[PDB]
Amino acid sequence: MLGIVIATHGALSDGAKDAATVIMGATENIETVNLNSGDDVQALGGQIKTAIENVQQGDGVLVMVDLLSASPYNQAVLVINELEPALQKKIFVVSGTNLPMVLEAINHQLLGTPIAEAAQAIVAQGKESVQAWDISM
Amino acid sequence: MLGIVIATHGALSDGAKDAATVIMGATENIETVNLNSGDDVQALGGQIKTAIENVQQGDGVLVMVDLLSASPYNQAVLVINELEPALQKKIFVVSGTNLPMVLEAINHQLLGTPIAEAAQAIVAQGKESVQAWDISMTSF
Ligand SMILES: [Ca+2]
Ligand SMILES: [Ca+2]
Ligand SMILES: [Ca+2]
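Residues numbered from 1 in each chain as written, not as in the entry; some residues may be left out. Chains lettered and ligands numbered in written order. Heavy atoms only, no water.

Quick word on the interface of chain A and chain B
Where interface size is given, it is often the accessible area lost as the parts come together that is meant.
Argument step 1. The interface is formed by 44 residues belonging to chain A together with 46 residues belonging to chain B.
Argument step 2. Interface area, chain A with chain B, both sides summed: about 3600 Å², of which 69% is carbon and sulfur.
Argument step 3. When residues of chain A are sorted by the area they lose upon contact with chain B, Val130, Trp133 and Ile135 of chain A head the list and together hold 20% of the total.
Argument step 4. Linking chain A with chain B are zero salt bridges, by the criterion used here.
Argument step 5. Counting every contact that joins chain A to chain B gives 13 residue pairs in polar contact.
Argument step 6. Breaking the side of chain A that touches chain B down by element, the ones donating at least two residues are α1 (12-24), α3 (71-80), β4 (91-94), α5 (99-111), α6 (115-128) and β5 (132-134) of chain A.
Argument step 7. Residue contributions to the side of chain A that touches chain B peak at seven residues, all from α1 of chain A.
Argument step 8. For the side of chain A that touches chain B, a count of residues per class yields 25 nonpolar, 13 polar and six charged.
Argument step 9. Two strands pair when backbone bridges link them, and β4 of chain A and strand β5 (residues 132-134) of chain B are joined in this way by three bridges, in the antiparallel orientation. Residue pairing for β5 of chain B: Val93 of chain A is matched across the bridge by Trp133 of chain B. (Contact = heavy atoms within 4.5 Å. Buried area = accessible area lost by both parts, 1.4 Å probe. Salt bridge = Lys/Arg side-chain N within 4 Å of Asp/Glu carboxyl O. Polar contact = N/O pair within 3.5 Å; in protein donor to acceptor, adjacent residues only side chain to side chain. Helix = DSSP H or I, 4+ residues; strand = E, 2+ residues; numbered from the N terminus. Nonpolar A, V, L, I, M, F, W, Y, C, P; charged D, E, K, R; others polar. Pairing = 2+ DSSP bridges.)

Next up, the structure:
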């Protein structure tokens, strides 16, 4: 089954995962990594690899991060570079991660969707799910 | 000062503020609401209304929910629909909030950006922030 690793600053990863459980009832094969104040980013790389390895079942791993170009994103990309080219081509990194994206990801987990096709699907959803509303509409 | 109310299923709203705190330091005028397994949605209605009121200061309020068309969102709308006219015109609801949208919101809070203008900018950055990277982009 597709693996998911949500990596972020603070407890955002645990929260996104908590929110998905409230909506779905349960979740499976989803690890969360947190970068806290005073954490050495040197170690984040290690926690991200451990997590990826803990969800790899042979269908790839979706590494969902919070902020493009921030530490979680950087370390994720850098760790991927040091893995066997085999899974290396099955690991995708999505940024700007939001609940709709995590839900879409879980959806592909259940569907068995090939990760490359899943990644695009998640990116579309995420973007399309960002809109504003006001009383004038 | 612009007010912000992050409302989500579970602890997501608290995790977003924590993450944003980790990056920008101590924030101000940000309320977090949660909808947990078992909670009554009407109660969430009042919870949002309260958060909105504890943060409303003349410059409007950004209500950041997690998912479009779900209880947090639907209740935000129901609440805003029954608010006194001088207040409702300035409350905006943005969906699919991610860390970048929150950080962007905190920035407009500091700039004093007019809310209708801040909302459009938060949506643009939010959409722009969603991307995917894979080893093929680095392989030649
Ligand atoms: Ca964890
Ligand atoms: Ca709160
Ligand atoms: Ca008060």
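As for the side chain of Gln88 of chain A
Argument step 1. Tracing the sequence through the fold places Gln88 of chain A in helix α4 (residues 85-88).
Argument step 2. Of note is the side chain of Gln88 of chain A, whose polar atom sits 3.3 Å from the backbone oxygen of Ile80 of chain A.
Argument step 3. Beyond its immediate sequence surroundings of up to four residues, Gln88 of chain A is in contact with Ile80, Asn81 and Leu83 of chain A together with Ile135 of chain B.

Observations concerning unusual backbone geometry
Most peptide bonds take the trans form, and the phi angle of most residues other than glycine is negative.
Argument step 1. At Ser69 of chain A, a residue that is not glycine, the phi angle is positive and equals roughly 75°.
Argument step 2. Assignment of secondary structure puts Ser69 of chain A in the loop between β3 (61-65) and α3.
Argument step 3. Positive phi, normally seen in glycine, also occurs at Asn29 of chain B, with a value near 65°.
Argument step 4. As for its placement among the helices and strands, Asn29 of chain B is situated in the loop between α1 (12-24) and β2 (30-35).

Points about the UniProt feature "binding site: Ca(2+)" (unreviewed entry) in chain A
All names here are of chain A.
Argument step 1. The residues that UniProt annotates with the feature "binding site: Ca(2+)" (unreviewed entry) are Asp14 and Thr32. The annotated residues occupy 19 residues of the chain but converge on a single region, no pair of C-alpha atoms lying more than 6.0 Å apart.
Argument step 2. Take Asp14: it is sitting in helix α1.
Argument step 3. Classification of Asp14 as partly exposed rests on a relative accessible area of 34%.
Argument step 4. Dropping the residues within four chain positions of it, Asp14 is found in contact with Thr32 and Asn34.
Argument step 5. Its location among the elements puts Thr32 in strand β2 (residues 30-35).
Argument step 6. Every residue in contact with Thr32, bar those within four places of it in the chain, is listed here: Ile6, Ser13, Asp14 and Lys17. (UniProt positions renumbered as here; feature names shortened; annotations may be inferred. Buried < 20%, exposed > 50% of the residue type's maximum accessible area, 1.4 Å probe, protein only.)

Observations concerning the environment of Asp59 of chain B
All names here are of chain B.
Argument step 1. Its location among the elements puts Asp59 in the loop between α2 (41-55) and β3 (61-65).
Argument step 2. The class for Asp59 is partly exposed, based on a relative accessible area of 37%.
Argument step 3. Taking the C-alpha atoms as reference points, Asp59 and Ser13, separated by 46 residues in sequence, lie 22 Å from one another.
Argument step 4. Once residues lying within four places of it in the same chain are set aside, the contact partners of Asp59 are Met1, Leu2 and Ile115.
Argument step 5. Reaching out from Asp59, the side chain makes a polar contact with the backbone nitrogen of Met1 at a distance of 3.0 Å.

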